[PDB]
Each structure stands twice: as structure tokens, then as C-alpha cells.
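Q: Starting off with a structure, shown below.
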Amino acid sequence: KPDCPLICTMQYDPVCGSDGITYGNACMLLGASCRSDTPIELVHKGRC
């Protein structure tokens, strides 16, 4: 599973991550995959 970032931004860059969720940003995901529930990933850089 990926890792976590170091505070990306608030430039709403909603990306659909392999799990079924649109994260505020692919960065906010690294934080998720790091402490969400399972090994998440990225599929589309937008609203799916």
C-alpha cells in the first residue's frame, strides 16, 4: 500500500481512488491509504 504525504493543498483536485471514493485530492489519498482501512489507489484524476 502507498504512503502518506506532507500536506498538499486545498486546490480541490477531486480524484477517484481505487476503493470507490472521490478524494479532495490524490494527496489527501496518500494520507488515506496510509490510515484508511485498506490499500487504496488512484484511477481517475477527477469526479470518476
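We read in the header that solution NMR was used to get this structure.
The backbone N, Cα and C atoms fix where each Cβ goes, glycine too.
Feature list, courtesy of Swiss-Prot:
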DOMAIN    1-48  domain 'Kazal-like'
DISULFID  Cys4-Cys34  disulfide bond
DISULFID  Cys8-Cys27  disulfide bond
DISULFID  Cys16-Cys48  disulfide bond
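How buried are the listed features, and what sits near them?
A: According to DSSP, the secondary structure content of the domain 'Kazal-like' (1-48) in residues is 9 helix, 13 strand, 26 coil.
Over all protein chains present, the Cβ of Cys34 (disulfide bond) has 13 other Cβ atoms lying within 10 Å.
Around the Cβ of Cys8 (disulfide bond), the same chain contributes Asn25, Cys27, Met28, each under 8 angstroms and 6 or more positions distant in sequence.
Around the Cβ of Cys16 (disulfide bond), a 10 Å sphere holds 18 further Cβ atoms from the protein chains shown.
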Q: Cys4, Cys27, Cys48: which of these disulfide-bonded residues has the highest Cβ count within 10 Å of its own Cβ?
A: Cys27
Q: Do you know offhand how many angstrom separate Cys16 (disulfide bond) and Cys34 (disulfide bond) by C-alpha?
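A: Their Cα atoms are separated by 16 Å.
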